[PDB]
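Note sheet for the following structure.
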Amino acid sequence: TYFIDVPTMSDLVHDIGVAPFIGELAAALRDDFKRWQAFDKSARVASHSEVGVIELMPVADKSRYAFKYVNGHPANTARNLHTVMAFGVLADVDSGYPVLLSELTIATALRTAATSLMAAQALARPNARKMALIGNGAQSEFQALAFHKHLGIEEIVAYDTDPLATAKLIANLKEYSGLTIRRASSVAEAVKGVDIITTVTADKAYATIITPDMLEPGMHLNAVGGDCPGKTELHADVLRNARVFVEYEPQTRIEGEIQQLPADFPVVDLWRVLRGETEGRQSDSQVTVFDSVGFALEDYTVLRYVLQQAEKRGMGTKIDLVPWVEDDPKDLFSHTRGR
Amino acid sequence: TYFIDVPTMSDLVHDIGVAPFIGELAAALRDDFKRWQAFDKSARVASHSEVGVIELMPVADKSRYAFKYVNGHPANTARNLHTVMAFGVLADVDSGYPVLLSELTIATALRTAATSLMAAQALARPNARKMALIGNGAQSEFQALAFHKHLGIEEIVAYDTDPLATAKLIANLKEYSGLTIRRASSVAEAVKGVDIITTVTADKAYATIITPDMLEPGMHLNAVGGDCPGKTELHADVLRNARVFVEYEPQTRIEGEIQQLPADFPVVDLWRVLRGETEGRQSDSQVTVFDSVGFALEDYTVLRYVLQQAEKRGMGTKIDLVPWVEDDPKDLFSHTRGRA
Ligand SMILES: NC(=O)c1ccc[n+]([C@@H]2O[C@H](COP(=O)([O-])OP(=O)(O)OC[C@H]3O[C@@H](n4cnc5c(N)ncnc54)[C@H](O)[C@@H]3O)[C@@H](O)[C@H]2O)c1
Ligand SMILES: NC(=O)c1ccc[n+]([C@@H]2O[C@H](COP(=O)([O-])OP(=O)(O)OC[C@H]3O[C@@H](n4cnc5c(N)ncnc54)[C@H](O)[C@@H]3O)[C@@H](O)[C@H]2O)c1
Ligand SMILES: NCCC[C@H](N)C(=O)O
Ligand SMILES: NCCC[C@H](N)C(=O)O
Ligand code: NA
Ligand code: NA
């Protein structure tokens with residue numbers, strides 16, 4: 001079993017570059033989504049608590065199995081901890097052997113930005129150039145760069161209740177001269193006249209970050225922040241006024257923005273759109289919404305990507321997580337006599 | 001986050017002792033089973049393949065969250081790999097922070113033996129002295145010692161289709177002079193006149209290791225080997241002649257021996273027996289069956305036990321699995337500039 005810890009992932013991402021990492025991952029995600037029906041899918045298992053949730057996100061095909069452990073505690077930042085922390089494993093289906101154990105906190109931000117990018121490439125109007133970024137925390141820089149470097153976004157209007165978060169975002173990306181990022185005094189001000197609205201706020205409760213009055217013809221909404229029951233960012237009527245796209249419907253019906261609508265509210269499966277079998281955006285005036293909550297297949301993709309890229313660079317360290325090949329695999333007792 | 005790998009767990013178990021480890025764990029398991037209602041329980045999630053299964057087993061209470069990754073591939077031994085491999089994590093509920101990452105292959109054998117022991121103490125006749133052990137692989141030595149050291153079993157009659165497995169079992173426990181382990185040439189021969197039958201065979205299919213004609217009044221069956229849909233060890237009629245006990249009913253209805261019986265077939269929750277809310281064994285002549293498939297609470301208990309035992313010994317290695325406290329927890333992007 002190989003292990004990629006936080007500093008090693010940092011070196012890997014730094015080497016590949018955040019922009020290329022996101023672009024290459026989006027391409028890999030698109031191919032895996034097209035192969036949707038080849039995967040053994042399931043809604044992630046969630047263990048809710050008073051201030052957060054801890055989830056396990058498994059998925060697999062005929063040769064590889066993958067899963068991610070991840071928590072979502074919005075109040076963590078008040079204690080100097082990340083709202084989102086994660087790690088995962090890529091394993092061999094025919095033996096059950098865990099080939100890679102990897103940090104996935106940094107990787108989650110990367111796959112989430114890549115997934116949002118993939119969805120936008122297929123759903124947003126091709127002439128998009130301005131985006132509103134509501135929520136300027138951990139996910140924000142990644143979302144900003146994904147859209148700037150791969151979807152032609154030149155101007156971002158940002159807003160966060162915490163002004164220091166916005167300052168951080170602007171400072172982190174100032175080095176990208178082709179991108180202008182400016183602070184707005186409110187959500188309504190930030191979203192005025194934008195082609196794309198990305199929401200990545202963290203608040204474990206029902207919230208109406210985006211209301212019907214803010215919608216303009218042709219907009220694409222990248223709703224990422226809400227991702228579990230009782231945690232939303234869009235007013236229910238925003239969804240009723242748009243064509244809604246999802247990752248894994250069974251899971252999104254419960255955790256996504258659509259949890260606020262009748263169980264029969266029509267949504268479109270993103271993988272069908274990517275295969276060109278179902279219509280995505282139907283007109284230039286239409287409002288499209290990517291009701292994103294995160295799905296195990298995305299973690300499977302980033303885990304496979306990380307393994308391949310780390311191997312090529314000889315990065316990672318071996319760990320004795322489980323027994324390897326032994327003379328007598330039925331003699332587990334031999335391990336009780338000491339190393 | 002601290003990490004306990006295979007060799008470290010080996011040293012830890014060696015220092016505690018297999019029998020003591022099992023005994024202390026059984027006591028800890030009893031306490032956790034008693035507060036069964038305090039846990040957020042769920043049936044484990046499984047991913048099935050043609051040769052095996054890979055499962056995630058989570059459980060949590062108000063303070064701790066735990067989960068185990070584990071596979072079950074009966075054909076692995078032909079490739080010199082273990083049929084069962086596992087690892088898990090114990091985390092803080094109010095922050096989601098993973099405190100311990102630990103190997104759980106060795107630990108699984110220990111908690112399974114402890115669970116079987118705990119069940120047997122409440123279900124088997126208190127005067128049991130002889131046990132049949134069908135399947136002499138990885139789990140066998142642990143099951144053998146649990147019963148010998150904590151349930152007064154002085155004699156074990158063992159059988160395995162692989163004669164080298166039985167030889168391994170006998171040689172491994174020869175040092176325990178108070179325990180006699182003899183090889184039988186068939187399952188029928190091995191179970192004749194025993195007080196307890198422990199089955200830990202590995203075969204991904206519907207097997208009738210134990211048939212009705214083998215049953216004798218007063219027996220307790222510790223059915224451990226079968227643990228998923230389509231994988232059983234007992235003939236359905238064996239269950240019809242017994243009082244059947246389970247771990248987490250919703251999960252066992254799907255994966256246990258009872259998957260072969262009506263959805264309405266009566267079963268008894270082991271935790272309720274331990275709480276004294278319902279009976280375990282009701283008569284000396286009764287046949288009791290612990291339909292064991294494994295449940296996340298057991299892994300939660302062993303993870304907590306391992307953490308405690310490792311801490312007082314200063315064992316375990318720090319690993320950077322996830323970020324810890326930082327000046328600005330909202331600046332994850334700073335981690336993309338390299339470790340330097
Ligand atoms: N859809 C997915 O795949 C996916 C994966 C990434 C994370 N998540 C979700 O993304 C959200 C953000 O994650 P993060 O790591 O950036 O968290 P974070 O805590 O680092 O940042 C969230 C930011 O939102 C701001 N915020 C909270 N309420 C607000 C409001 N009403 N208006 C404006 N700003 C507000 C906070 O001040 C904070 O800076 C979380 O809710 C998380 O669960 C989803
Ligand atoms: N209930 C639980 O909590 C729990 C936890 C431990 C493992 N499991 C199950 O326990 C079983 C055994 O695990 P292990 O690690 O010892 O595996 P193992 O492969 O090391 O040993 C199993 C043994 O069974 C023998 N066997 C197979 N078919 C047989 C038959 N028809 N008659 C007699 N012997 C036969 C094999 O030759 C082998 O030596 C597996 O099926 C596993 O999934 C259950
Ligand atoms: N707070 C993070 C929760 C998990 C997230 N929805 C994901 O898909 O990773
Ligand atoms: N094939 C998966 C086996 C896992 C075992 N039943 C356990 O409870 O650990
Ligand atoms: Na969302
Ligand atoms: Na069983």
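Note that we place each Cβ from the backbone using ideal geometry, even for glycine, and neighbour counts take in every protein chain shown. Only the coordinates and a few stated rules stand behind these numbers; no lab work does.
Structure notes:
- Per-selection Rg to Rh, chain B - Cα, Kirkwood hydrodynamic radius: 0.99
- Rounded to whole Å, sorted largest first: equivalent-ellipsoid semi-axes of region A:9-148, Cα gyration tensor: 25, 22, 15
- Beta bridge orientation in chain B: antiparallel %, DSSP, nearest 5: 50 percent
- On the basis of the beta-carbon distance and an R0 of 25 Å, A:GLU279 and A:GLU24 show a calculated FRET efficiency of 0.35.
- Using only side-chain charges placed at the Cβ, +1 for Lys and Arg and -1 for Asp and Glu, the dipole size of region B:224-287 relative to its Cα centre rounds to 80 debye.
- Over the protein assembly as shown: Rg over Rh, Cα atoms, Kirkwood Rh: 1.03
- Taking Cα atoms only, the orientation of helix A:163-173 departs from the longest principal axis of chain A by about 70 degrees.
- Of A:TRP324, A:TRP271, the sequence from fewest to most neighbouring Cβ atoms within 10 angstrom is A:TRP324, A:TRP271.
- Share antiparallel - DSSP beta bridges, the protein assembly as shown, percent rounded to 5: 50 percent
- For chain A, the Cβ-based charge dipole about the Cα centre amounts to some 400 debye (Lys, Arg positive; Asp, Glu negative; other atoms uncharged).
- Highest-fluctuation residue, A:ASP160, A:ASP227, A:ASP320 considered, GNM on chain A with Cα pairs under 10 Å: A:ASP320
- D_trans [Stokes-Einstein, Kirkwood Rh over alpha-carbon pairs] for region B:163-221, 37 °C, 0.692 mPa s, µm² s⁻¹: 247 µm²/s
- In this calculation the C-beta distance from A:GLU216 to A:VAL99 is compared with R0 = 51 Å, giving a FRET efficiency of 0.60.
- Spin-label model, A:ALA38/B:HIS48: points 7 Å from Cα along the beta carbon direction are separated by 2.3 nm.
- Helix-only [θ]222 nm of chain A, DSSP H runs n ≥ 4, -39500 (n - 2.57) each, per residue, nearest 500: -9500 deg cm²/dmol
- Quarter of the Cα convex hull surface for region B:86-182, i.e. its orientation-mean projected area (nm²): 7.8 nm²
- In chain A, the longest principal axis of the Cα atoms and the axis of helix A:18-34 are about 80 degrees apart.
- Here is the list for region A:22-87: GluC sites (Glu not before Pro) lying in DSSP coil, each with at most 16 other C-beta atoms within 10 angstrom of its C-beta, are A:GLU50.
- Among A:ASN241, A:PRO262, A:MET219 - extreme Cα towards positive end, dipole of region A:103-262, charges at beta-carbon: A:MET219
- Only Cα pairs under 8 Å and 6+ residues apart enter the sum, and on that basis the relative contact order of region B:250-340 stands at 23 percent.
- Percentage relative contact order, region A:187-278, counting C-alpha pairs under 8 Å, at least six apart: 25 percent
- The three principal axes of the Cα atoms in region A:231-307 give end-to-end lengths of 42, 30, 19 Å, sorted in falling order.
- Distance from the alpha carbon centroid of region A:302-320 to that of region B:226-291 works out to 45 angstrom.
- Taking the Kirkwood radius as Rh and the Cα radius of gyration as Rg, region A:125-294 has a ratio of Rg/Rh equal to 0.95.
- Cβ crowding within 10 Å ranks B:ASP31, A:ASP92 as B:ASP31, A:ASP92, fewest other Cβ atoms first.
- Relative contact order [Cα under 8 Å, 6+ residues apart], chain B, whole percent: 19 percent
- Between A:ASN241 and B:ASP31, the simple label model (points 7 Å from Cα in the Cβ direction) yields a spacing of 5.8 nm.
- Counting only DSSP beta bridges with both residues in region A:125-294, the antiparallel share comes to about 5 percent.
- Cα lying deepest toward the dipole's positive end in the protein assembly as shown, options B:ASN172, B:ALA144, B:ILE54, charges on Cβ: B:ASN172
- Ranked A:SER49, B:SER334, criterion: other C-beta atoms within 10 Å, fewest first: B:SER334, A:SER49
- About its Cα centre, region A:1-85 has a charge dipole of approximately 320 debye under the convention of +1 per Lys or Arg Cβ and -1 per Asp or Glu Cβ, with nothing else charged.
- Taking the centroid of alpha carbons for each part, region B:55-133 and region A:88-121 are 26 Å apart.
- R0 of 60 Å, Cβ-Cβ distance B:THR208-B:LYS318: FRET efficiency to nearest 0.05: 0.75
- Shielding score for A:6-16, defined as the mean number of other chain Cβ atoms within 10 Å: 4
- Number of partner chain Cβ atoms within 10 Å, mean per residue of B:69-77: 5
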